Each structure stands twice: as C-alpha cells, then as structure tokens.
>>> print(open('run_9.cif').read())   # mmCIF, C-alpha atoms and all ligand atoms
data_data
#
loop_
_atom_site.label_atom_id
_atom_site.label_comp_id
_atom_site.auth_asym_id
_atom_site.auth_seq_id
_atom_site.Cartn_x
_atom_site.Cartn_y
_atom_site.Cartn_z
CA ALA X 1 -11.24 21.68 8.65
CA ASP X 2 -11.39 20.41 12.24
CA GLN X 3 -10.34 21.35 15.80
CA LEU X 4 -8.53 19.13 18.32
CA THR X 5 -8.78 19.41 22.12
CA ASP X 6 -5.60 19.62 24.20
CA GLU X 7 -6.40 16.14 25.48
CA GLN X 8 -6.60 14.69 21.98
CA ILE X 9 -3.32 16.37 21.09
CA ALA X 10 -1.58 14.89 24.14
CA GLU X 11 -2.93 11.47 23.24
CA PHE X 12 -1.60 11.79 19.72
CA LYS X 13 1.78 12.90 21.12
CA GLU X 14 1.98 9.59 22.96
CA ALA X 15 1.00 7.68 19.80
CA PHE X 16 3.68 9.58 17.87
CA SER X 17 6.36 8.26 20.27
CA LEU X 18 5.60 4.67 19.23
CA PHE X 19 6.76 5.58 15.72
CA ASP X 20 9.53 7.95 16.79
CA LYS X 21 11.37 5.31 18.81
CA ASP X 22 14.67 7.21 18.88
CA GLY X 23 12.84 10.31 20.10
CA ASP X 24 14.43 12.71 17.63
CA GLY X 25 11.10 14.39 16.91
CA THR X 26 10.52 12.89 13.47
CA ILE X 27 9.20 9.71 11.89
CA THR X 28 11.42 8.35 9.10
CA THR X 29 10.42 5.78 6.47
CA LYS X 30 12.52 3.27 8.41
CA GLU X 31 10.60 3.92 11.62
CA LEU X 32 7.20 3.73 9.93
CA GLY X 33 8.27 0.56 8.14
CA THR X 34 9.48 -1.00 11.38
CA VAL X 35 6.18 -0.50 13.17
CA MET X 36 4.07 -1.72 10.24
CA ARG X 37 6.19 -4.83 9.80
CA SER X 38 5.98 -5.58 13.53
CA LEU X 39 2.20 -5.47 13.11
CA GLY X 40 2.35 -7.97 10.26
CA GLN X 41 2.29 -5.62 7.27
CA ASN X 42 4.85 -5.44 4.45
CA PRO X 43 5.01 -1.93 2.91
CA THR X 44 7.53 -1.35 0.13
CA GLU X 45 10.01 1.51 0.21
CA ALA X 46 7.98 3.24 -2.49
CA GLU X 47 4.79 2.90 -0.44
CA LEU X 48 6.52 4.22 2.69
CA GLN X 49 7.78 7.24 0.73
CA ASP X 50 4.26 7.86 -0.56
CA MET X 51 2.77 7.62 2.93
CA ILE X 52 5.34 10.13 4.23
CA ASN X 53 4.76 12.38 1.22
CA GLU X 54 1.03 12.68 1.97
CA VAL X 55 1.54 14.47 5.29
CA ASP X 56 5.07 15.80 4.74
CA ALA X 57 3.96 19.40 4.27
CA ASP X 58 7.45 20.92 4.32
CA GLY X 59 8.82 18.09 2.19
CA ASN X 60 11.87 17.45 4.37
CA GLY X 61 11.43 13.69 4.02
CA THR X 62 10.12 12.94 7.52
CA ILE X 63 6.96 13.41 9.56
CA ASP X 64 7.24 15.69 12.61
CA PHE X 65 4.61 16.03 15.31
CA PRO X 66 2.79 19.01 13.81
CA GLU X 67 2.40 17.06 10.57
CA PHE X 68 1.25 13.98 12.53
CA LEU X 69 -1.46 16.07 14.18
CA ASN X 70 -2.73 17.15 10.77
CA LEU X 71 -2.99 13.48 9.80
CA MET X 72 -5.03 12.73 12.90
CA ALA X 73 -7.21 15.81 12.41
CA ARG X 74 -8.23 15.14 8.81
CA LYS X 75 -11.88 14.13 8.47
CA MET X 76 -12.76 10.74 6.99
CA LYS X 77 -13.56 10.50 3.28
CA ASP X 78 -15.04 7.01 3.58
CA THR X 79 -18.84 7.22 3.66
CA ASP X 80 -18.97 4.95 6.72
CA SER X 81 -16.97 6.80 9.35
CA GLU X 82 -16.74 3.91 11.82
CA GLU X 83 -14.81 1.43 9.67
CA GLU X 84 -11.51 2.97 10.76
CA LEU X 85 -12.23 2.25 14.41
CA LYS X 86 -13.53 -1.25 13.57
CA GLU X 87 -10.36 -1.91 11.57
CA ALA X 88 -8.24 -0.79 14.53
CA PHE X 89 -10.20 -3.13 16.81
CA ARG X 90 -9.56 -6.04 14.45
CA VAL X 91 -5.82 -5.43 14.73
CA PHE X 92 -6.12 -6.05 18.48
CA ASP X 93 -8.64 -8.88 18.19
CA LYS X 94 -6.20 -11.32 16.57
CA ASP X 95 -8.52 -14.30 16.11
CA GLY X 96 -11.35 -11.99 15.07
CA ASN X 97 -13.94 -13.52 17.39
CA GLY X 98 -15.10 -10.12 18.61
CA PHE X 99 -13.24 -9.99 21.91
CA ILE X 100 -9.72 -8.85 22.78
CA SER X 101 -8.18 -11.33 25.22
CA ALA X 102 -5.33 -10.51 27.57
CA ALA X 103 -3.09 -12.73 25.43
CA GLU X 104 -4.01 -10.84 22.26
CA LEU X 105 -3.49 -7.48 23.98
CA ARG X 106 -0.06 -8.49 25.26
CA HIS X 107 0.94 -9.43 21.73
CA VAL X 108 -0.14 -6.13 20.16
CA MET X 109 1.53 -4.14 22.95
CA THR X 110 4.78 -6.00 22.28
CA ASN X 111 4.47 -5.50 18.52
CA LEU X 112 3.92 -1.75 18.90
CA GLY X 113 6.85 -1.43 21.26
CA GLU X 114 4.59 -0.45 24.17
CA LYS X 115 6.62 -2.06 26.99
CA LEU X 116 4.27 -3.28 29.71
CA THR X 117 4.36 -6.05 32.30
CA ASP X 118 1.63 -8.69 32.12
CA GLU X 119 0.12 -7.04 35.22
CA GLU X 120 -0.04 -3.68 33.47
CA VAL X 121 -1.70 -5.31 30.50
CA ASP X 122 -4.30 -6.84 32.80
CA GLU X 123 -4.93 -3.37 34.19
CA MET X 124 -5.77 -2.25 30.63
CA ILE X 125 -8.24 -5.12 30.22
CA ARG X 126 -9.76 -4.26 33.60
CA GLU X 127 -10.24 -0.60 32.67
CA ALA X 128 -12.00 -1.46 29.42
CA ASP X 129 -13.90 -4.51 30.58
CA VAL X 130 -17.23 -3.14 31.73
CA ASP X 131 -19.38 -6.28 31.47
CA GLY X 132 -16.90 -8.35 33.46
CA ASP X 133 -16.26 -11.29 31.12
CA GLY X 134 -12.53 -10.62 31.37
CA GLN X 135 -12.08 -9.60 27.76
CA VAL X 136 -12.73 -6.49 25.71
CA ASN X 137 -15.50 -6.32 23.09
CA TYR X 138 -15.83 -3.66 20.41
CA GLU X 139 -18.12 -1.42 22.45
CA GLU X 140 -15.71 -1.45 25.39
CA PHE X 141 -12.82 -0.65 23.01
CA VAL X 142 -14.77 2.34 21.67
CA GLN X 143 -15.27 3.67 25.18
CA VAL X 144 -11.61 3.52 26.23
CA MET X 145 -10.61 5.07 22.89
CA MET X 146 -12.82 8.12 23.57
CA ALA X 147 -10.81 11.21 24.51
CA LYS X 148 -13.59 12.14 26.93
CA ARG O 1 -7.16 5.26 28.97
CA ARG O 2 -3.85 6.71 27.75
CA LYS O 3 -2.37 3.26 27.18
CA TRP O 4 -5.33 2.32 24.97
CA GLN O 5 -5.35 5.66 23.16
CA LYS O 6 -1.58 5.71 22.64
CA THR O 7 -1.60 2.29 21.01
CA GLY O 8 -5.03 2.46 19.39
CA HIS O 9 -4.23 5.77 17.74
CA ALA O 10 -0.86 4.48 16.53
CA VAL O 11 -2.82 1.71 14.82
CA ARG O 12 -5.28 4.24 13.43
CA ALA O 13 -2.47 6.47 12.19
CA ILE O 14 -1.13 3.59 10.11
CA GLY O 15 -4.59 2.92 8.76
CA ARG O 16 -4.88 6.53 7.60
CA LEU O 17 -1.40 6.58 6.07
CA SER O 18 -2.19 3.40 4.14
CA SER O 19 -5.03 2.17 1.94
CA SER O 20 -7.31 -0.76 2.80
CA CA E 1 12.73 9.35 14.85
CA CA E 2 8.17 17.01 7.32
CA CA E 3 -10.14 -12.46 20.14
CA CA E 4 -15.94 -7.35 28.41
#
>>> encode(input="run_9.cif", output="structure tokens")
Amino acid sequence: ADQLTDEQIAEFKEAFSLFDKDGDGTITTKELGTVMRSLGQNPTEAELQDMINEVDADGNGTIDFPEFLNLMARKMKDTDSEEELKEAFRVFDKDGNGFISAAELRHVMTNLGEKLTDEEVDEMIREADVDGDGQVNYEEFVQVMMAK
Amino acid sequence: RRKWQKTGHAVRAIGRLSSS
C-alpha cells in the first residue's frame, strides 16, 4: 500500500479543486474532460468513463476526494519512477527547452484554471528559481513539488 | 510551494488517469 502525510493530503485537496470547479465535492467526466482539453488533450467520452471507472470505487459515476487520494497514493508500476514527474515538467515547459519561462507558466496556470495575476506568477518563478536565471529548470521544479 | 503543488499534482493526476 502506501501512507500519505497530512501535508500531502492537503496539497492533493487543492489539486482536486482544479478539477471540481463547481465545488460540489466530485469530479464528473465533463469536469475531467474540460481540464484535459484546456491542457491540449482530446479524450473521448469512452476514455473519460474508463478513467473515472478506475478510481470510482463506489461506482457512483464520479470521483470524490477520498477516491482522488487513492489515485495519488497508488505506487508507480512503470519501472522508471521519475518519468511521471518529468512528464509533468514537460507540460509546463511548453517549448521543451528544459526551462519553464514566466510566459509558459502563465499559460499553464490559465489553462488549469488557476487564476493568478502576472505578479503572482512571477512570485512562483522566484520561489522555484534557485540559480537565478529567471526561469525554472527540472531540478528546481522537483524541489518545489516536494511536500517537504 | 502550494501553487506549484496544486497545479503540478493536477497535471500528475491526469497523467495517472490516462496512458502515455
Ligand atoms: Ca464537481
Ligand atoms: Ca465515486
Ligand atoms: Ca521552455
Ligand atoms: Ca533557474
């Protein structure tokens, strides 16, 4: 199995809210589809139903927070455990040059529905940018993604 | 870090729910 810290759980609660935009406590196929399409993906209704099905333990058709936590607590089955984090980084690093620019970060924040002013987005870059080049490389991304 | 974790984990959640 696995065990999550209270901090990790709180972080996942915030992530959950980006899917559950109406705040009703559940993620519907429509809500999951909306986020994925905003990020450039194109899941079919059948695929969305399958994704929901995987974690929909009670089978009520939607994903609630407890089920979301299980998703985030499942251990990786892919031999190389870091690909998931590298793939996430590539979503932010739009032009794939290895560094997330403020422009690229603003775009992903907007796509995810994370409403932030340009100034707030610069504060994110500043927190992650340890070497001071004004952008965020993979290593810096890893560090700000760490729960502790 | 919450802004990075909130968004980064949302991206990761999608990755786990879907195949690559
Ligand atoms: Ca909802
Ligand atoms: Ca359910
Ligand atoms: Ca880039
Ligand atoms: Ca940097």
>>> residues_near_ligand(input="run_9.cif", ligand="ligand CA 4 (chain E)", cutoff="8 Å", atoms="only C-alpha atoms and all ligand atoms", output="ChimeraX atom specification")
/X:99,128-137,140
>>> write_last_selection(input="run_9.cif", atoms="C-alpha atoms", output="PDB file, keeping the file's coordinate frame")
ATOM      1  CA  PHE X  99     -13.240  -9.990  21.910  1.00  0.00           C
ATOM      2  CA  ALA X 128     -12.000  -1.460  29.420  1.00  0.00           C
ATOM      3  CA  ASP X 129     -13.900  -4.510  30.580  1.00  0.00           C
ATOM      4  CA  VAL X 130     -17.230  -3.140  31.730  1.00  0.00           C
ATOM      5  CA  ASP X 131     -19.380  -6.280  31.470  1.00  0.00           C
ATOM      6  CA  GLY X 132     -16.900  -8.350  33.460  1.00  0.00           C
ATOM      7  CA  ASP X 133     -16.260 -11.290  31.120  1.00  0.00           C
ATOM      8  CA  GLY X 134     -12.530 -10.620  31.370  1.00  0.00           C
ATOM      9  CA  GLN X 135     -12.080  -9.600  27.760  1.00  0.00           C
ATOM     10  CA  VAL X 136     -12.730  -6.490  25.710  1.00  0.00           C
ATOM     11  CA  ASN X 137     -15.500  -6.320  23.090  1.00  0.00           C
ATOM     12  CA  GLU X 140     -15.710  -1.450  25.390  1.00  0.00           C
TER      13      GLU X 140
END
>>> residues_around(input="run_9.cif", residues="residue O:4", least_positions_apart="3", cutoff="8 Å", atoms="only C-alpha atoms", output="list in words")
residues 124, 144 and 145 of chain X; 1, 7 and 8 of chain O
>>> write_last_selection(input="run_9.cif", atoms="C-alpha atoms", output="compact mmCIF listing (two decimals), in the coordinates of the input")
# COMPACT_ATOMS: atom_id res chain seq x y z
CA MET X 124 -5.77 -2.25 30.63
CA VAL X 144 -11.61 3.52 26.23
CA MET X 145 -10.61 5.07 22.89
CA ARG O 1 -7.16 5.26 28.97
CA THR O 7 -1.60 2.29 21.01
CA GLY O 8 -5.03 2.46 19.39
>>> interface_residues(input="run_9.cif", of="chain O", to="chain X", cutoff="6 Å", atoms="all atoms listed in the file", output="PyMOL selection string")
chain O and resi 1+5-6+9-12+17
>>> write_last_selection(input="run_9.cif", atoms="C-alpha atoms", output="PDB file, in the frame of the given file")
ATOM      1  CA  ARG O   1      -7.160   5.260  28.970  1.00  0.00           C
ATOM      2  CA  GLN O   5      -5.350   5.660  23.160  1.00  0.00           C
ATOM      3  CA  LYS O   6      -1.580   5.710  22.640  1.00  0.00           C
ATOM      4  CA  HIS O   9      -4.230   5.770  17.740  1.00  0.00           C
ATOM      5  CA  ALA O  10      -0.860   4.480  16.530  1.00  0.00           C
ATOM      6  CA  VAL O  11      -2.820   1.710  14.820  1.00  0.00           C
ATOM      7  CA  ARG O  12      -5.280   4.240  13.430  1.00  0.00           C
ATOM      8  CA  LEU O  17      -1.400   6.580   6.070  1.00  0.00           C
TER       9      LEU O  17
END
>>> closest_atom_pairs(input="run_9.cif", of="chain X", to="ligand CA 3 (chain E)", cutoff="6 Å", atoms="all atoms listed in the file", output="Markdown table")
| residue | atom | partner | partner_atom | distance |
| --- | --- | --- | --- | --- |
| X:93 | CA | E:CA3 | CA | 4.3 |
| X:94 | CA | E:CA3 | CA | 5.4 |
| X:95 | CA | E:CA3 | CA | 4.7 |
| X:96 | CA | E:CA3 | CA | 5.2 |
| X:97 | CA | E:CA3 | CA | 4.8 |
| X:98 | CA | E:CA3 | CA | 5.7 |
| X:99 | CA | E:CA3 | CA | 4.3 |
| X:100 | CA | E:CA3 | CA | 4.5 |
| X:101 | CA | E:CA3 | CA | 5.6 |
>>> write_last_selection(input="run_9.cif", atoms="C-alpha atoms", output="PDB file, in the coordinates of the input")
ATOM      1  CA  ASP X  93      -8.640  -8.880  18.190  1.00  0.00           C
ATOM      2  CA  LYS X  94      -6.200 -11.320  16.570  1.00  0.00           C
ATOM      3  CA  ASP X  95      -8.520 -14.300  16.110  1.00  0.00           C
ATOM      4  CA  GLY X  96     -11.350 -11.990  15.070  1.00  0.00           C
ATOM      5  CA  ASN X  97     -13.940 -13.520  17.390  1.00  0.00           C
ATOM      6  CA  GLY X  98     -15.100 -10.120  18.610  1.00  0.00           C
ATOM      7  CA  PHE X  99     -13.240  -9.990  21.910  1.00  0.00           C
ATOM      8  CA  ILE X 100      -9.720  -8.850  22.780  1.00  0.00           C
ATOM      9  CA  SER X 101      -8.180 -11.330  25.220  1.00  0.00           C
TER      10      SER X 101
END
>>> residues_near_ligand(input="run_9.cif", ligand="ligand CA 2 (chain E)", cutoff="12 Å", atoms="all atoms listed in the file", output="list in words")
residues 25, 26, 27, 28, 29, 49, 51, 52, 53, 54, 55, 56, 57, 58, 59, 60, 61, 62, 63, 64, 65, 66, 67, 68, 69, 70 and 71 of chain X
>>> atom_distance(input="run_9.cif", atom1="atom CA of residue X:103", atom2="atom CA of residue X:42")
23.6 Å
>>> atom_distance(input="run_9.cif", atom1="atom CA of residue X:142", atom2="atom CA of residue X:82")
10.2 Å
